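Visitor: Here's a structure for you.
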Amino acid sequence: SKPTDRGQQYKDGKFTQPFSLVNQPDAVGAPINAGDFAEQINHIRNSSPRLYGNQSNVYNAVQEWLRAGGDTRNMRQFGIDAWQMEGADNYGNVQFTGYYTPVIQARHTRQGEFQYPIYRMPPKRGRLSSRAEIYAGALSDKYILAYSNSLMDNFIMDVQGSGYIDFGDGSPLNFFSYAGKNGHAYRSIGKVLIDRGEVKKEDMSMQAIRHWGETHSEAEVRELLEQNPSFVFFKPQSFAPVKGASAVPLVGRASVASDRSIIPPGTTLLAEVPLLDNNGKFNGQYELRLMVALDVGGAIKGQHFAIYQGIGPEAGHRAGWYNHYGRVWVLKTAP
């Protein structure tokens, strides 16, 4: 009928088209991240001048509006048009998921909870070993780059093809990028979990898999992870700020991944974002934020948005592990 369990609301009427112009967005107050927004825009300015030139007109109007007070009731003064998105149910409830840059805690020697090795490219003979055999010690220790404290975290890193490591000694954050793969074709761990009815298809994502790994034992996670005989190898790489497909450095909660054919890179968004409690559940509150589409995702389609939460543990907690809903207005300036 009309569920509200995940942030849904139904006080903006029913929509008959993807985007609908509104006199004033149904959102009281002003955006709370004016500073991050400005910073995000500065990154587009320097990192993607082409994209900036094509959108500066909108960015400028928004900035002018923000400096003048930023209240949503005064947007028209600056020629800013608000096109509300119908969302997933045509009631304006836009599907939100989150993602962030994990910082894996690892050490140079296996100690305490640090028992899970991350490897660099071994010789051809070594690459024939399956994930299960490698977990069993098939590979020499000379090929270990570090020992993380999470088996599932390593796997998520394998899927990404790279990741950041903190050795916890005050040295610079370490980055490792894709070096190669082992000789076994990979299998979808997400599929396995859906089959075992452990996770709903609609809520499946890397975050969902990460959550499952935090709510299950090491034995259970290893049993699951071996279902995928494939394995990834890395190599040291110089540090580079996290960027989206658009090649622009991403600012936490001021940028999202979107479907290019629906929300082109550079598009400005005003959004009522749902907040989550410690159990990743909608706590009944929303934050008004400005964000820019600067990334894409294999499973981010339609009017679905993945909010980049940032880097580290706090960003992770805000990410969540299943869908939630808020309202979003595309900001533009009538020519």
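In the structure tokens, each chain is lettered A, B, ... as it comes, each chain's residues begin at 1, and ligands are numbered from 1 in order of appearance.
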Taking a cut-off of 10 Å and counting only C-alpha atoms, can you build a table that, for each residue of stretch 266-321 of chain A near stretch 7-27 of chain A, reports the nearest atom pair and how far apart they are in Å (one decimal), sorted by chain then residue number, as a Markdown table?
Guide:
| residue | atom | partner | partner_atom | distance |
| --- | --- | --- | --- | --- |
| A:270 | CA | A:25 | CA | 9.1 |
| A:271 | CA | A:27 | CA | 8.6 |
| A:272 | CA | A:27 | CA | 7.3 |
| A:273 | CA | A:7 | CA | 8.9 |
| A:274 | CA | A:7 | CA | 6.1 |
| A:275 | CA | A:7 | CA | 8.6 |
| A:276 | CA | A:7 | CA | 9.6 |
| A:281 | CA | A:7 | CA | 9.1 |
| A:282 | CA | A:7 | CA | 6.0 |
| A:283 | CA | A:7 | CA | 8.4 |
| A:284 | CA | A:7 | CA | 6.9 |
| A:285 | CA | A:7 | CA | 8.3 |
| A:286 | CA | A:7 | CA | 8.7 |
| A:287 | CA | A:27 | CA | 9.8 |
| A:288 | CA | A:27 | CA | 7.6 |
| A:302 | CA | A:18 | CA | 9.8 |
| A:303 | CA | A:18 | CA | 8.5 |
Visitor: So which residues touch stretch 48-62 of chain A within 10 Å, counting only C-alpha atoms, skipping near sequence neighbours fewer than 6 positions away, as a short mmCIF file (atom, residue, chain, number, x, y, z; two decimals) with N, CA and C atoms, in the first residue's frame?
Guide:
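New file out33.cif:
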data_model
loop_
_atom_site.label_atom_id
_atom_site.label_comp_id
_atom_site.auth_asym_id
_atom_site.auth_seq_id
_atom_site.Cartn_x
_atom_site.Cartn_y
_atom_site.Cartn_z
N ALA A 34 26.82 23.85 2.58
CA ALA A 34 27.25 24.89 1.65
C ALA A 34 28.77 24.86 1.42
N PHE A 37 29.82 21.81 -0.68
CA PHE A 37 29.34 22.01 -2.03
C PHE A 37 30.32 22.90 -2.78
N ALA A 38 30.69 24.02 -2.17
CA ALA A 38 31.64 24.95 -2.79
C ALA A 38 32.94 24.22 -3.10
N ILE A 41 32.45 21.91 -6.06
CA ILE A 41 32.44 22.69 -7.29
C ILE A 41 33.87 23.12 -7.69
N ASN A 42 34.71 23.42 -6.70
CA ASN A 42 36.09 23.82 -6.96
C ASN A 42 36.87 22.67 -7.59
N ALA A 68 23.52 34.22 -0.11
CA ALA A 68 22.47 35.16 0.27
C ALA A 68 21.54 34.62 1.36
N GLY A 70 20.51 30.91 1.36
CA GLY A 70 20.29 29.51 1.04
C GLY A 70 18.93 28.89 1.35
N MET A 75 14.87 30.55 -3.76
CA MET A 75 15.55 30.07 -4.96
C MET A 75 15.19 30.81 -6.25
N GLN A 77 14.54 33.77 -6.82
CA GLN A 77 15.24 35.05 -6.95
C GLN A 77 16.50 34.94 -7.79
N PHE A 78 17.10 33.75 -7.78
CA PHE A 78 18.33 33.54 -8.51
C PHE A 78 18.16 32.76 -9.79
N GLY A 79 16.91 32.66 -10.24
CA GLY A 79 16.61 31.95 -11.48
C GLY A 79 16.80 30.46 -11.41
N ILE A 80 16.75 29.91 -10.20
CA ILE A 80 16.92 28.47 -9.98
C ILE A 80 15.60 27.72 -10.04
N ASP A 81 15.48 26.78 -10.97
CA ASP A 81 14.28 25.97 -11.12
C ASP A 81 14.49 24.62 -10.44
N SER A 246 33.91 10.54 -13.49
CA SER A 246 34.10 11.85 -14.10
C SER A 246 35.51 12.41 -13.88
N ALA A 247 36.36 11.67 -13.16
CA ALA A 247 37.74 12.09 -12.88
C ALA A 247 37.82 13.28 -11.94
N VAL A 248 36.76 13.52 -11.18
CA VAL A 248 36.75 14.63 -10.25
C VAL A 248 36.84 14.12 -8.81
N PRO A 249 37.71 14.73 -7.99
CA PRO A 249 37.81 14.27 -6.60
C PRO A 249 36.44 14.38 -5.92
N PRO A 265 26.50 13.63 -15.74
CA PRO A 265 27.56 14.06 -14.81
C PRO A 265 27.47 15.58 -14.70
N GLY A 266 27.71 16.12 -13.51
CA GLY A 266 27.67 17.56 -13.35
C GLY A 266 26.33 18.11 -12.90
N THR A 267 25.29 17.29 -12.98
CA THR A 267 23.98 17.76 -12.57
C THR A 267 23.96 18.09 -11.07
N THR A 268 23.29 19.18 -10.72
CA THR A 268 23.19 19.64 -9.34
C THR A 268 21.90 19.12 -8.71
N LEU A 290 23.12 19.58 -0.84
CA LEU A 290 23.35 19.85 -2.24
C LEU A 290 24.40 18.82 -2.65
N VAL A 292 26.40 16.71 -6.31
CA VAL A 292 26.61 16.69 -7.75
C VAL A 292 26.89 15.28 -8.25
N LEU A 331 18.40 20.84 -9.84
CA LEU A 331 18.45 22.30 -9.95
C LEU A 331 18.99 22.76 -11.29
N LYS A 332 18.24 23.64 -11.94
CA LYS A 332 18.62 24.19 -13.24
C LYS A 332 18.24 25.65 -13.33
N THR A 333 18.72 26.34 -14.35
CA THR A 333 18.39 27.74 -14.54
C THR A 333 17.77 27.93 -15.92
N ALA A 334 16.52 28.39 -15.96
CA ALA A 334 15.82 28.61 -17.22
C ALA A 334 16.58 29.60 -18.09
N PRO A 335 16.92 29.20 -19.34
CA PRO A 335 17.66 30.08 -20.26
C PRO A 335 16.94 31.38 -20.64
#
Visitor: Do you have the atom CA of residue A:174-atom CA of residue A:121 distance handy?
Guide: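 Value for the atom CA of residue A:174-atom CA of residue A:121 distance: 17.4 Å.
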Visitor: Which of stretch 68-297 of chain A end up as strand (DSSP E or B) when DSSP is run on this backbone - answer as a VMD selection string?
Guide: chain A and resid 80 to 85 87 93 to 101 103 to 107 111 114 116 to 120 144 to 148 162 to 166 174 to 181 232 to 237 243 249 255 to 257 268 to 276 282 to 295
Visitor: Name all residues at most 10 Å from residue A:179 (count only C-alpha atoms; drop same-chain ones fewer than 3 positions away) and give them as a compact mmCIF listing (two decimals) with N, CA, C and O atoms, in the first residue's frame.
Guide:
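Printed below is part-v3.txt as written:
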# COMPACT_ATOMS: atom_id res chain seq x y z
N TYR A 119 47.93 -10.42 -1.11
CA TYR A 119 49.12 -10.71 -1.91
C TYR A 119 49.43 -9.86 -3.13
O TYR A 119 48.57 -9.16 -3.67
N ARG A 120 50.68 -9.95 -3.56
CA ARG A 120 51.14 -9.27 -4.76
C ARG A 120 51.29 -10.41 -5.78
O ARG A 120 51.16 -11.57 -5.41
N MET A 121 51.54 -10.07 -7.03
CA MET A 121 51.66 -11.06 -8.10
C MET A 121 52.72 -12.16 -7.91
O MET A 121 53.92 -11.88 -7.91
N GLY A 161 39.33 -4.02 -6.99
CA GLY A 161 40.55 -4.07 -7.78
C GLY A 161 41.67 -3.26 -7.14
O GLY A 161 42.80 -3.25 -7.61
N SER A 162 41.34 -2.58 -6.04
CA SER A 162 42.31 -1.76 -5.33
C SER A 162 41.75 -1.40 -3.96
O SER A 162 40.59 -1.71 -3.65
N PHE A 176 46.98 0.31 -2.77
CA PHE A 176 47.34 -0.83 -3.60
C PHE A 176 46.34 -0.96 -4.74
O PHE A 176 45.13 -0.91 -4.53
N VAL A 232 42.42 -12.27 -6.48
CA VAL A 232 43.10 -11.09 -7.02
C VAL A 232 44.45 -10.76 -6.37
O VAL A 232 44.63 -10.93 -5.16
N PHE A 233 45.38 -10.25 -7.17
CA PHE A 233 46.70 -9.85 -6.69
C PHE A 233 46.91 -8.35 -6.87
O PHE A 233 46.44 -7.77 -7.85
N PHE A 234 47.60 -7.72 -5.94
CA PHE A 234 47.81 -6.28 -6.00
C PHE A 234 49.27 -5.88 -6.07
O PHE A 234 50.16 -6.73 -6.09
N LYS A 235 49.50 -4.58 -6.13
CA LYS A 235 50.85 -4.03 -6.17
C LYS A 235 50.81 -2.63 -5.54
O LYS A 235 49.77 -1.96 -5.56
N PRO A 236 51.93 -2.18 -4.97
CA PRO A 236 51.98 -0.86 -4.35
C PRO A 236 51.73 0.18 -5.43
O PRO A 236 52.06 -0.03 -6.59
Visitor: From the list A:109, A:155, A:92, A:168, which residue is nearest residue A:141 when using only C-alpha atoms?
Guide: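 Nearest candidate to residue A:141 out of A:109, A:155, A:92, A:168: A:109.
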Visitor: Show me, as JSON, numbers by chain, the residues that have an atom within 10 Å of residue A:156 when counting only C-alpha atoms, minus same-chain residues fewer than 2 positions from it.
Guide: {"A": [102, 151, 152, 153, 154, 158, 159, 160, 161, 162, 163, 206, 207, 209, 210]}
Visitor: Please save N, CA, C and O atoms of the selected residues as a PDB file, in the first residue's frame.
Guide:
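As written to disk, again21.pdb reads:
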ATOM      1  N   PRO A 102      36.809   2.439   1.872  1.00  0.00           N
ATOM      2  CA  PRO A 102      37.253   1.716   3.066  1.00  0.00           C
ATOM      3  C   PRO A 102      38.744   1.911   3.327  1.00  0.00           C
ATOM      4  O   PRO A 102      39.536   2.050   2.390  1.00  0.00           O
ATOM      5  N   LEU A 151      38.554 -10.947   6.638  1.00  0.00           N
ATOM      6  CA  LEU A 151      38.554 -11.744   5.417  1.00  0.00           C
ATOM      7  C   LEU A 151      37.599 -11.139   4.392  1.00  0.00           C
ATOM      8  O   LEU A 151      37.946 -11.007   3.224  1.00  0.00           O
ATOM      9  N   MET A 152      36.404 -10.764   4.836  1.00  0.00           N
ATOM     10  CA  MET A 152      35.426 -10.163   3.936  1.00  0.00           C
ATOM     11  C   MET A 152      35.924  -8.837   3.349  1.00  0.00           C
ATOM     12  O   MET A 152      35.637  -8.519   2.191  1.00  0.00           O
ATOM     13  N   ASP A 153      36.663  -8.064   4.142  1.00  0.00           N
ATOM     14  CA  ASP A 153      37.192  -6.784   3.672  1.00  0.00           C
ATOM     15  C   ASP A 153      38.143  -7.002   2.506  1.00  0.00           C
ATOM     16  O   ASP A 153      38.133  -6.248   1.532  1.00  0.00           O
ATOM     17  N   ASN A 154      38.964  -8.038   2.607  1.00  0.00           N
ATOM     18  CA  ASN A 154      39.901  -8.363   1.543  1.00  0.00           C
ATOM     19  C   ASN A 154      39.127  -8.693   0.270  1.00  0.00           C
ATOM     20  O   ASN A 154      39.508  -8.293  -0.832  1.00  0.00           O
ATOM     21  N   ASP A 158      39.117  -7.137  -3.455  1.00  0.00           N
ATOM     22  CA  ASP A 158      39.370  -7.893  -4.684  1.00  0.00           C
ATOM     23  C   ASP A 158      38.418  -7.452  -5.789  1.00  0.00           C
ATOM     24  O   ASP A 158      38.812  -7.322  -6.948  1.00  0.00           O
ATOM     25  N   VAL A 159      37.160  -7.240  -5.417  1.00  0.00           N
ATOM     26  CA  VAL A 159      36.128  -6.826  -6.358  1.00  0.00           C
ATOM     27  C   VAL A 159      36.400  -5.422  -6.885  1.00  0.00           C
ATOM     28  O   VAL A 159      36.210  -5.140  -8.066  1.00  0.00           O
ATOM     29  N   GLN A 160      36.854  -4.547  -6.000  1.00  0.00           N
ATOM     30  CA  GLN A 160      37.149  -3.176  -6.365  1.00  0.00           C
ATOM     31  C   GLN A 160      38.370  -3.147  -7.280  1.00  0.00           C
ATOM     32  O   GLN A 160      38.431  -2.362  -8.229  1.00  0.00           O
ATOM     33  N   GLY A 161      39.334  -4.017  -6.994  1.00  0.00           N
ATOM     34  CA  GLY A 161      40.552  -4.067  -7.785  1.00  0.00           C
ATOM     35  C   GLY A 161      41.668  -3.258  -7.138  1.00  0.00           C
ATOM     36  O   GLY A 161      42.803  -3.251  -7.610  1.00  0.00           O
ATOM     37  N   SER A 162      41.342  -2.579  -6.042  1.00  0.00           N
ATOM     38  CA  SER A 162      42.308  -1.756  -5.328  1.00  0.00           C
ATOM     39  C   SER A 162      41.749  -1.399  -3.961  1.00  0.00           C
ATOM     40  O   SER A 162      40.593  -1.705  -3.654  1.00  0.00           O
ATOM     41  N   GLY A 163      42.565  -0.744  -3.144  1.00  0.00           N
ATOM     42  CA  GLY A 163      42.115  -0.369  -1.814  1.00  0.00           C
ATOM     43  C   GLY A 163      43.181   0.343  -1.005  1.00  0.00           C
ATOM     44  O   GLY A 163      44.364   0.301  -1.354  1.00  0.00           O
ATOM     45  N   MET A 206      27.571  -4.575  -2.708  1.00  0.00           N
ATOM     46  CA  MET A 206      28.783  -4.878  -1.972  1.00  0.00           C
ATOM     47  C   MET A 206      28.555  -4.571  -0.491  1.00  0.00           C
ATOM     48  O   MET A 206      28.992  -5.326   0.377  1.00  0.00           O
ATOM     49  N   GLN A 207      27.855  -3.476  -0.201  1.00  0.00           N
ATOM     50  CA  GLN A 207      27.572  -3.115   1.185  1.00  0.00           C
ATOM     51  C   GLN A 207      26.788  -4.235   1.869  1.00  0.00           C
ATOM     52  O   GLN A 207      27.070  -4.587   3.013  1.00  0.00           O
ATOM     53  N   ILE A 209      26.846  -7.347   1.151  1.00  0.00           N
ATOM     54  CA  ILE A 209      27.764  -8.460   1.363  1.00  0.00           C
ATOM     55  C   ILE A 209      28.684  -8.163   2.544  1.00  0.00           C
ATOM     56  O   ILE A 209      29.031  -9.060   3.308  1.00  0.00           O
ATOM     57  N   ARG A 210      29.070  -6.900   2.694  1.00  0.00           N
ATOM     58  CA  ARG A 210      29.950  -6.492   3.787  1.00  0.00           C
ATOM     59  C   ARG A 210      29.232  -6.657   5.114  1.00  0.00           C
ATOM     60  O   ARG A 210      29.820  -7.089   6.106  1.00  0.00           O
TER      61      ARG A 210
END
Visitor: So how many Å separate atom CA of residue A:279 and atom CA of residue A:307, to one decimal?
Guide: 18.1 Å
Visitor: For residue A:203, which of A:147, A:239, A:321, A:65 is the closest residue, counting only C-alpha atoms?
Guide: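 Going through A:147, A:239, A:321, A:65 one by one, the smallest distance to residue A:203 is for A:321.
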Visitor: Any idea what's packed within 12 Å of residue A:202, counting only C-alpha atoms, ignoring anything in its chain fewer than 4 positions away? Could you give it as a compact mmCIF listing (two decimals) with C-alpha atoms, in the first residue's frame?
Guide:
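Wrote it out as selection07.txt, contents follow:
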# COMPACT_ATOMS: atom_id res chain seq x y z
CA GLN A 95 16.05 5.30 -3.97
CA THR A 97 22.13 3.66 -1.25
CA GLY A 190 26.12 -12.01 -4.22
CA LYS A 191 24.26 -14.65 -6.23
CA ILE A 194 20.48 -14.45 -2.88
CA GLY A 197 17.74 -16.49 0.68
CA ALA A 208 24.99 -5.87 1.71
CA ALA A 299 24.02 -1.33 -10.67
CA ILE A 300 23.10 2.35 -10.30
CA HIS A 304 18.62 5.46 -8.09
CA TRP A 321 23.50 -1.78 3.58
CA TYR A 322 20.05 -1.69 1.94
CA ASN A 323 17.76 0.82 0.21
CA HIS A 324 16.26 3.94 1.79
